[PDB]
Amino acid sequence: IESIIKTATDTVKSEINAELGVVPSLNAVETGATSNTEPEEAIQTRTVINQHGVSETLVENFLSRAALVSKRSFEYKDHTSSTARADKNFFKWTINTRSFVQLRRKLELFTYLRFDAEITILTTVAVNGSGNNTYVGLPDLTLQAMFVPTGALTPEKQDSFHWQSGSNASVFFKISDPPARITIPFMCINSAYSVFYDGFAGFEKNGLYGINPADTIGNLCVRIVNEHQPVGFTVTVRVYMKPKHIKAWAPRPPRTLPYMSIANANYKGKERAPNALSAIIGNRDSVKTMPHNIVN
Amino acid sequence: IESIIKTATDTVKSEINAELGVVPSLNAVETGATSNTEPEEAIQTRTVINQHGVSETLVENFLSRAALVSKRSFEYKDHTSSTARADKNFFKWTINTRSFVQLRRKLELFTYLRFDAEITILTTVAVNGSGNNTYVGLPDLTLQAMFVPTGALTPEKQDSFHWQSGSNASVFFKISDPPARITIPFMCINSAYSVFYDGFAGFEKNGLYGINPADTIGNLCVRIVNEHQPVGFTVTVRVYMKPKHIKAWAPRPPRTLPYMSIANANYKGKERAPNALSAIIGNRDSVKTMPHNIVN
Amino acid sequence: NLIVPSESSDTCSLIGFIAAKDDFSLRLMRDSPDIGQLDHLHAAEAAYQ
Amino acid sequence: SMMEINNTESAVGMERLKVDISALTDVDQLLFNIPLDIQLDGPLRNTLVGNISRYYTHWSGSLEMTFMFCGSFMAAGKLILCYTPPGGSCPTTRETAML
Amino acid sequence: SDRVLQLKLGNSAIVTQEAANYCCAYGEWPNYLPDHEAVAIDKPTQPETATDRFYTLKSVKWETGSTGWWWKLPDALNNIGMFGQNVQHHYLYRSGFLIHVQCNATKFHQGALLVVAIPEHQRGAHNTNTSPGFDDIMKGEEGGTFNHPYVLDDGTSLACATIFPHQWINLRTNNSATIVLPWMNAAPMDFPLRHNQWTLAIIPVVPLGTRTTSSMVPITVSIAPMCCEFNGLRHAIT
Amino acid sequence: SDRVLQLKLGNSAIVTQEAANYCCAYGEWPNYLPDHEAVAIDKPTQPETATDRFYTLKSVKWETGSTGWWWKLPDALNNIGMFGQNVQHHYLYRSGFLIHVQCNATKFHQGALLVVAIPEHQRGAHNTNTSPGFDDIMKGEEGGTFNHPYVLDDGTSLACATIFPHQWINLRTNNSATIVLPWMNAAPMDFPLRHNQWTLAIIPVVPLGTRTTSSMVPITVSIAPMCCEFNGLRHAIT
Amino acid sequence: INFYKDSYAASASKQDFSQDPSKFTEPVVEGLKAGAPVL
Amino acid sequence: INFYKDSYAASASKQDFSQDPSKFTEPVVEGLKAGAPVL
């Protein structure tokens, strides 16, 4: 039944029981219900007034933490002789929560999630080695982070006119300023994000499995506004996400085997236990062997 | 008896006393009580209205001061050819209050303590000598301080994935910003920290004596977020602790002999007085010798 | 003892489950040791292309 | 959630999630034991309570262990399950564990 | 309704799904010694859950030629746990008991055990004028076996043993028996090392039989002292 | 009036005709653990008179060069009588203490003993970085002696030891000291075999002296646990 | 402190202490009484 | 000024002026009156 729970439940003292027809310790697992055997019915207890709070396990508290979701390093320099695949003073990132495993596993503890997302961008800069074998100092550069909806037109170069950002939300920030922060609303076309999706997002048979683009927040396009300096630098941008105003539905078995890809739940497991395909828990000598037995 | 004391007690005027059976100046130390002889009963006094405040000796005021608890210097550079024991752009510190003696002695004036801990982190940087015999300037670096519970997984390298900090509290701060500050709650599994512990924290006989890990706040893992510069620097991080919301129980004899270790109360004493094992107070010629006698 | 007739299986299995009661509580959240990575996952780079 | 009591070599996959019991010809024999540390690796780690709790450092409260017998209808037997509070070695005889 | 039963005392609990009610000896329930019947004037110690809990004895094997088994109280419990320690440190003891006898078998097995609590079971020897010795009577936790269960080892009849508090474990019907014993003595308190108020006797009136594959069929006894109190504290003697 | 005192607990009684009041540590009295502070949920056992009684330790001899003696609680009592048995059979223990230290001499003798109960007396070693070992700390009923009573064996001062509950036995004034100790711990209950809440220290601040014919002058310690309760029953471990 | 015009900009909401474990622990149409046999 | 949601984040509390020195100075079961001999 629904009730407001702020502290752990109290224990009431209990006496001897010798009653026919009453077996609180016996249960029927086959029904799918969890055993209702209380400590008062299993042993003789005292009275305990429990003042232990339960607020730290609140779903909001459990998930509302800034977790690293993106890390991208790129060279800030003249990119005339750079390869096509290189990030020429700017990068684009399709936003996802599946690249860093701690937050991914925490989110995947649930089937459905609804939250707004606080986004924090932290920038660091270093002077390139083997480009100029000397140090002069770190410039205070200005960066532009533009939100572009998934599939929409992204900038093709650092000085592209697409950065004019007529309607796209853009944030300009300096390396010397505190990390930039913006709140993105819950943007799913459905009432909740689908953490897991058992289907195909296309009307033909060649669409991606387990991927619902309605659950992709969008694209983040980050550029250095400053034109290049005579010497080269390496700029690393870290994007952190913190869910807030969270609602969660249908908890799931936690991930055990290591993640393989950000696109699927494919599994291989470790070579040996723990967290191997044939053995999740580490082995002991026998079911009669106590691993950390106290011996005096 | 319990009473609210804000100022020192007043003195009342007194007259001559020649009463049989009344000896206020005589006491019995053997009972363990402190003498109750008032100045009014020992001499003839005047009336004095005492307005002297007592607030500066309040336990809260006595202990709620930012005291240095940790100081760690490490090189910020390319650590490819560095030794294993060296701090390669990051360090880990098991939090304790026993390394710097002023705060340690103040805390050890009590048997039990309960407080939240304000933590302030101050960073300084210098250009390495004998590495590059020149000065170019001081970079404005970003540092990450991650709280890791005692015994839990700590990062093994500067760019380790463990720094992603899915659930661990992490603070990012710049050298140019004011010193970072966070409040850690009273985290002991008991109702109070045990400043002294007369026991062993293990169920076998080889556990550490006098160490209760329930009284260890945790581990602080500090890294430079920036990748290394072409030249080397020396970065010094100082951690200061200030107890607050303090409750104190069972005051103790103050430490006299110099501390030897942060792990025990082992003592050796100075070679000679003062604060020597066989003589705490410095010597005088005789019990009839006045050390600083006024002679005119 | 475990006593079965000849027609039944002579070896029988037990399944053990564990749960916490409602007097149970947790404190001092920390990163789970049960998951970790030493490298970027597959297709993580493709999100930047 | 299911305990992995049979966390031994030669027990592969699903076989780790059940404990086999046979007819014995000596009385009061031990069948198995379970360590109760929900922080280290062990039979309780890959459970809902274990997995959620390992996201935290401090824990309090009572636990419940439920055992379902999956033999035939004709199978009969009596077992004894004992929790021993810490301080000494794990009991290896019934007359000690029943205390 | 009357087939399932849970007994919970102290930190111990037993469940049975094939019980047949349970017996309260002479319609009584154990209780502490009241002031109007007390003799010893020192304040007694009442350990409650430390001693009033189920202690399980070593199981014995039901065989084809088994004659029966017996245990004497409090002698069988005199060296077990906190009950044993309290007995060894105190001159005077008083308590009742809750006895639970367990024996299961298949639906193809047959057998009938009389589980009888005999008050003051003064044993006799066979074919001699010499009285039974201390070692013949005082067997401790292991207990003993009947030499001639037909005459209850005392020249009386097994057929008339039903006058005493008792149940039957009939394998086709039930797999456990439960008997509640109050304090039964001429004196309010007694020295626990020299006198035995009760004797639990398990006698196979109908022998164990089957034609399936044979298995070991043990009989297990769990005894919980009740309303334990002790007087006359001194050094342990055992 | 304040010179004679009778202490009666359980079956034990002590009389003194030369007491000097008696000390209640921090103005408190021992009590059972209340429900609003309890943690362990099992029903505790409260042996009352079986454990809350005076146990007398082995006397020690006051000599001219004596440095002092110490005992640790509950370690000194952990193998004595029903208190010891309850400690050995239970994971958790809780109690206070009533300490009575006895030392008499003639009116021609002089001497002064500080009898101080130190909470959490974490001992230190002398002239080494190695922490004291298990055997250095855990001495049982025999107890130990001070290596450097001037610094209380912990780098602090003996002169400031009066901040702790204490009495003095001054031979010209009194022949006994009495201290009442409540439960003193960060946790409501503790494992009695690994942590010691209290340390009784008897330190001869003024050495024994006389010019009459010398006689052995012993010091005797009697400790009565108070409001004993135990949790977590299991097999004895000791 | 929230001076923004959009409600989703607000800080987190850690005040929802309502629980219903029975939707996961006892999802049976016929409730199970304590002591009484389940079957 | 405390806009944080956790009470332990607040500044220090230097308002507790209650004292009871007798728990350290006179921990005797029988109180000692002024002037009257202790013994």
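The deposited coordinates derive from cryo-EM, with the record listing a resolution of 2 Å.

Per the PDB entry, chain E is named viral protein 2, and its organism is enterovirus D68.

Named according to the PDB entry, chain D is viral protein 3 originating from enterovirus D68.

Draft legend 1. Looking closely at the overall build of chain D. In terms of helices and strands, chain D carries 2 helices and 4 strands. For chain D, the succession of helices and strands along the chain, N to C, is β-α-β-β-β-α. Principal axes of the C-alpha set define a box for chain D whose edges measure 45 × 35 × 25 Å. Out of the 99 residues in chain D, the part that is buried amounts to 43%. Put simply, 39% of the contacts in chain D that link residues at least 6 apart link residues at least 24 apart. Here chain D displays about 4800 Å² of accessible surface, and carbon together with sulfur accounts for 58% of that area. Here chain D holds 6 positive side-chain charges and 10 negative ones, and the gap between their average locations is 4 Å.

Draft legend 2. A look at the overall build of chain E. What chain E contains, in helices and strands, is 2 helices and 13 strands. For a compact globule of 238 residues, the expected C-alpha radius of gyration is about 18 Å, and chain E comes in at 18 Å, within 12% of that figure. Reported as C-alpha extents along the three principal axes, the dimensions of chain E are approximately 60 × 50 × 30 Å. With 238 residues in all, chain E has 58% of them scored as buried. Surface exposure of chain E reaches about 10200 Å², of which carbon and sulfur atoms provide 50%. Computing the positive centroid from 15 side-chain charges and the negative centroid from 19, chain E places the two 9 Å apart.

Draft legend 3. Structural context of the packing of helix α1 (residues 81-89) of chain E against helix α1 (residues 81-89) of chain F. As a packed pair, α1 of chain E and α1 of chain F sit with axes 11 Å apart at the nearest point and diverge in direction by 170°. On the basis of their axis angle, the class for α1 of chain E and α1 of chain F is roughly antiparallel. Here α1 of chain E contributes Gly81, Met82, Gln85, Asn86 and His89 of chain E to the contact with α1 of chain F, which in turn contributes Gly81, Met82, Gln85, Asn86 and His89 of chain F. Classifying every residue of the contact of α1 of chain E with α1 of chain F by side-chain character gives 2 nonpolar, 8 polar and no charged.

Draft legend 4. Examining α1 of chain F more closely. Within α1 of chain F, 8 of the 9 residues are buried, which leaves the element mostly enclosed by the surrounding structure. Of the residues making up α1 of chain F, those classed as buried are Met82, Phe83, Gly84, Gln85, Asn86, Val87, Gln88 and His89 of chain F. On its buried face, α1 of chain F sits against α1, β7 (90-102) and β13 (218-233) of chain E together with β4 (55-56), β7 (90-102) and β13 (218-233) of chain F.

Draft legend 5. Looking closely at the pattern of salt bridges. Residues and elements named next belong to chain A. One pass over the full model with this rule turns up 32 salt bridges over all chains. One salt bridge connects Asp159 with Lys157, and the closest N-O pair in it is separated by 3.8 Å. Assessed through its relative accessible area of 41%, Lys157 is described here as partly exposed. What emerges from the salt-bridge pattern is a single network uniting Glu118, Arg181, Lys242 and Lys244.

Draft legend 6. Up close: a nonpolar patch on the surface. A surface patch of nonpolar side chains, amounting to about 700 Å² of accessible area, comprises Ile1 and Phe3 of chain G together with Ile1 and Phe3 of chain H. Following the sequence through the fold, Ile1 of chain G ends up in the segment before β1 (18-19).

Draft legend 7. Structural context of the interface of chain F and chain D. Contacts between the two partners involve 8 residues from chain F and, on the opposite side, 9 residues from chain D. Of the roughly 720 Å² buried where chain F meets chain D, counting both sides, 69% is carbon and sulfur surface. Area buried by chain F at its contact with chain D is led by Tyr91, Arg234 and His235 of chain F, which between them contribute 64% of it. For the pair chain F and chain D, the interface holds 2 residue pairs in polar contact. When the residues that make up the side of chain F that touches chain D are grouped by side-chain class, the tally is 5 nonpolar, 2 polar and 1 charged.

Draft legend 8. Examining the arrangement of the chains more closely. Among the 17 pairs of chains that make contact, the interface with the largest number of contacts is formed by chains B and F. What separates chain B from chain G at the closest point of their C-alpha atoms is a distance of 16 Å, and the two make no contact. Taking C-alpha atoms as the reference, chain F and chain G come no closer than 20 Å and do not contact one another.

Draft legend 9. The nonpolar core, seen in detail. Within the largest apolar cluster, 104 residues are counted, with the highest numbers of intra-cluster contacts made by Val237 of chain A together with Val237 of chain B. Residues within four places of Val237 of chain A in sequence aside, it is in contact with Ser70, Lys71, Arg72, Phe74, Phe91, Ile121, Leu122, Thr123, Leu143 and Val222 of chain A. Judged by nonpolar contacts, the second largest core, of 58 residues, contains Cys23, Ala76, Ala186 and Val217 of chain F.

Draft legend 10. Region of interest: the pairing of strand β6 (residues 69-73) of chain F. Residue and element names in this part refer to chain F. Among the 5 residues of β6, 5 are classified as buried, and the element is accordingly described as predominantly covered. Where burial is concerned, the two faces of β6 agree: the one with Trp69, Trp71 and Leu73 and the one with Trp70 and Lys72 are both buried. As paired strands, β6 and strand β9 (residues 144-145) are joined by 2 bridges and run antiparallel to one another. Paired with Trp70 across the strands is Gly144, a residue of β9. As paired strands, β6 and strand β12 (residues 198-209) are joined by 5 bridges and run antiparallel to one another. By the bridge assignment for β12, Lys72 is matched with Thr199.

Draft legend 11. A look at the sheet that holds β9 of chain F. Read from one edge to the other, the open sheet built from 5 strands follows the order β9-β6-β12-β8-β10 (chain F), with strand pairing classed as antiparallel. Sheet topology places β9 and β10 (166-170) of chain F at the edges, where each strand pairs with a single neighbour.

Draft legend 12. Broad picture of the environment of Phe186 of chain A. Residue and element names in this part refer to chain A. By the secondary structure assignment, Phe186 is in the loop between β7 (180-184) and β8 (193-194). Judged by relative accessible area, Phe186 falls into the buried class, the value being 16%. In this structure the C-alpha to C-alpha distance between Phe186 and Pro243, which are 57 residues apart in sequence, comes to 9.6 Å. Excluding anything up to four places from it in sequence, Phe186 contacts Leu113, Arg114, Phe115, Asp116, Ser191, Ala192 and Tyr193.

Draft legend 13. Seen up close, the interface of chain F and chain B. In this assembly, 52 residues from chain F lie in contact with 41 residues from chain B. Carbon and sulfur atoms supply 57% of the area that chain F and chain B bury against each other, a total of about 4000 Å² over both sides. Inspection of the region where chain F meets chain B yields 1 salt bridge. Notably, a salt bridge pairs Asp198 of chain B with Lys72 of chain F, separated by 2.8 Å at the nearest N-O pair. Listing elements by their share of the side of chain F that touches chain B, those giving two or more residues are β8 (110-119), α2 (134-137) and β10 of chain F. Considering every element that reaches the side of chain F that touches chain B, the biggest residue donor is β10 of chain F, with 4 residues.

Draft legend 14. The environment of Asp20 of chain D, seen in detail. With respect to the helices and strands, the residue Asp20 of chain D is situated in strand β1 (residues 19-22). Of the residues examined, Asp20 of chain D reaches a relative accessible area of 43% and is grouped as partly exposed. Here the alpha-carbon distance between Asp20 of chain D and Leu31 of chain D, two residues 11 residues apart in the chain, equals 9.0 Å. Within the structure, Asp20 of chain D has its side chain in polar contact with the side chain of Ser13 of chain C (distance 2.8 Å). In this structure the side chain of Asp20 of chain D is engaged in a polar contact, spanning 3.0 Å, whose partner is the side chain of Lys18 of chain D.

Conventions adopted
Residues numbered from 1 in each chain as written, not as in the entry; some residues may be left out. Chains lettered and ligands numbered in written order. Part of a larger assembly, values for the part shown. Heavy atoms only, no water. Helix = DSSP H or I, 4+ residues; strand = E, 2+ residues; numbered from the N terminus. Buried < 20%, exposed > 50% of the residue type's maximum accessible area, 1.4 Å probe, protein only. Contact = heavy atoms within 4.5 Å. Areas by Shrake-Rupley, 256 points an atom, 1.4 Å probe, with all protein chains shown as cover. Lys, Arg positive; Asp, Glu negative; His and termini not counted. Charge placed at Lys NZ, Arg CZ, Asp CG, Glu CD. Rg over C-alpha atoms; globule rule 2.2 N^0.38 Å. Axes fitted to C-alpha atoms, helices over the stretch in contact; angles between N-to-C directions. Parallel < 35°, antiparallel > 145°, perpendicular 65-115°, else oblique. Nonpolar A, V, L, I, M, F, W, Y, C, P; charged D, E, K, R; others polar. Salt bridge = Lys/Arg side-chain N within 4 Å of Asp/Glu carboxyl O. Patch = residues over 30% accessible without salt bridge, like charges linked within 9 Å, V, L, I, M, F, W, Y side chains within 5 Å. Buried area = accessible area lost by both parts, 1.4 Å probe. Polar contact = N/O pair within 3.5 Å; in protein donor to acceptor, adjacent residues only side chain to side chain. Core = buried A, V, L, I, M, F, W, Y, C linked by side-chain atoms within 4.5 Å. Pairing = 2+ DSSP bridges.

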